[PDB]
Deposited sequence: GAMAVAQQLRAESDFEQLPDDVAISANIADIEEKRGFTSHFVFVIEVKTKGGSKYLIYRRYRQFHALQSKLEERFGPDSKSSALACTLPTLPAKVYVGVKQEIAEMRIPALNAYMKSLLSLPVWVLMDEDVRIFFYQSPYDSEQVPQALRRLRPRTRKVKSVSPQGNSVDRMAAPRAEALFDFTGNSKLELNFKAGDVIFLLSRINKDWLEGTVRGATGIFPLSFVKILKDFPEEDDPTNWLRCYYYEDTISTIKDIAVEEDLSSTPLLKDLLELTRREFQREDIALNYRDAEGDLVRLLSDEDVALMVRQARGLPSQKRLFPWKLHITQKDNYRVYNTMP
């Protein structure tokens, strides 16, 4: 114990008690646990973990070490989403206390270390919380044409006054990049009335881009996902999400392989490969690197 401890660095967690529960409108609108971690060093911070993440850790922990590993209770929680959460609290703290009580060599497991490390995203979330819990989904940006406009180049957009243009990106002061019914191009900002602006620069809300393939055209539709940008979802997550968005069910989620081939997303291991593949791709600021290509299903 004496030596056992001292050899462990100060950023090592010694206590992780839940401080709050928050509802995150992620791929699936679920709940997350606002855990407060205190380290040997004496610094206390907040991290956000969903249930699925604890479980995912246990499974990883058990695989490796094949002392006594603590396990998460068996499921019977069934009430509202919130309730099923507030209920898991006591169980959860228990898990952490135990887990952090384990021996040095298991406490220094990257996979465990990381679970407790505060992440860029975890930190973006605290300021966000204060701003609401004591103030002073989200539609993608769009505007309305105020006058007909004919593009001056192949690059400039074309539209009729009154059209609804969805903003894809800001270019400079006088121009924007938007899309209007399969058409994508840049346009003079003077020709529209902003209907819903771009998210403010410091908003930690991410977005998932979808290319919706219809019968005649093929549109682009961004969706506000409050999830870490590097997370991986479950094919069932994307399926539930993409439906409440496009208001239908016979759609196939596809993505474009690195080489260019289209790929059907049938299995979770498929999604995980998609995400794993995009991980390197040139980053857009708050846009998941992997983009879906929804198509009609026959």
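Of the deposited sequence, the ranges 1-10, 77-85, 156-170, 333-341 have no C-alpha coordinates according to the record.
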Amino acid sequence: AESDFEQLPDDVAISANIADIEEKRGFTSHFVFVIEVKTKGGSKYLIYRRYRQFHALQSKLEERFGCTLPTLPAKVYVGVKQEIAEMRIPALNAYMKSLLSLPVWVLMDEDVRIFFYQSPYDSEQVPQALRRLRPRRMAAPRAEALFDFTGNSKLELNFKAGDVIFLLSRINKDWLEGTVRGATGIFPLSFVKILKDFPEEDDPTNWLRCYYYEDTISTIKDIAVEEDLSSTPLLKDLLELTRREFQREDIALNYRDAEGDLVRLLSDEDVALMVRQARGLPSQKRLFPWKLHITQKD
From here on, numbers count along this sequence of modelled residues.
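Per-stretch averaging of Cα B factors for 109-117 and 211-219 places 211-219 on top. Taking the mean C-alpha B-factor of each stretch as recorded, 165-173 and 92-100 are not equal, and the higher mean is that of 92-100.
Within the listed group 44, 40, 256, 49, the record reports its top CA B-factor for 256. When the Cα B-factors of 197, 201, 86, 226 are read from the PDB record, 86 comes out highest. The entry lists a Cα temperature factor for residue 140 that places it in the middle third of the chain's modelled residues. Among all modelled residues in this chain, the alpha-carbon of residue 292 has a temperature factor (C-alpha) in the lowest third. Ranked within its chain, residue 79 lands in the highest third, by CA B factor from the PDB record.
When all modelled residues of the chain are sorted by CA temperature factor, residue 35 is found within the lowest third. When the modelled residues of the chain are ordered by their C-alpha B factor, residue 71 lands in the highest third.
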